[PDB]
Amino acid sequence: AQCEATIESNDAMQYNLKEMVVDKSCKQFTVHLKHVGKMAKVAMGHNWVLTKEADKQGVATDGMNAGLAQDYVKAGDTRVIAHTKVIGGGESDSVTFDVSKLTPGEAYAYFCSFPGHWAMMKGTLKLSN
């Protein structure tokens, strides 16, 4: 295995992956997000945010409140392990994070914090071998 994954987002407000597994041999993990549709980021922008499954809705709320210039993530939100920028159709963004931030056996939520998207764009991330 290896320490990176590619996820796709489209114009129908969906990710193509519902779960991601980070190999235990990984010190760092890289998430490559692609926006496969053609809608503007102002209309159907997408990001990828990682948090404890618990913090999902709270980070989502504060994120909506941060605005597009903050990539719909409250700046310095400590419940956020990692996040990409918001991208529109045709673009891509990557984020690399320290695997040490994850706790083995625990589950994580990854979701899109662009306004209203968290309800449909959500998945699970877990650390496994």
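Residue indices: 1-based, along the sequence shown.
Looking at mean Cα B-factors across 100 to 108 and 87 to 95, the upper value is held by 100 to 108.
Mean CA temperature factor is higher for 68 to 76 when stretches 68 to 76 and 41 to 49 are set side by side in the entry.
The PDB entry assigns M20 a C-alpha temperature factor belonging to the lowest third of its chain's modelled residues.
Sort the modelled residues of the chain by CA B factor and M13 lands in the middle third.
In this PDB entry, the Cα temperature factor of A60 sits in the middle third of its chain's modelled residues.
Compared with the other modelled residues of the chain, the Cα B-factor recorded for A82 ranks in the middle third. In the PDB entry, a CA B factor belonging to the middle third of its chain's modelled residues is recorded for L125.
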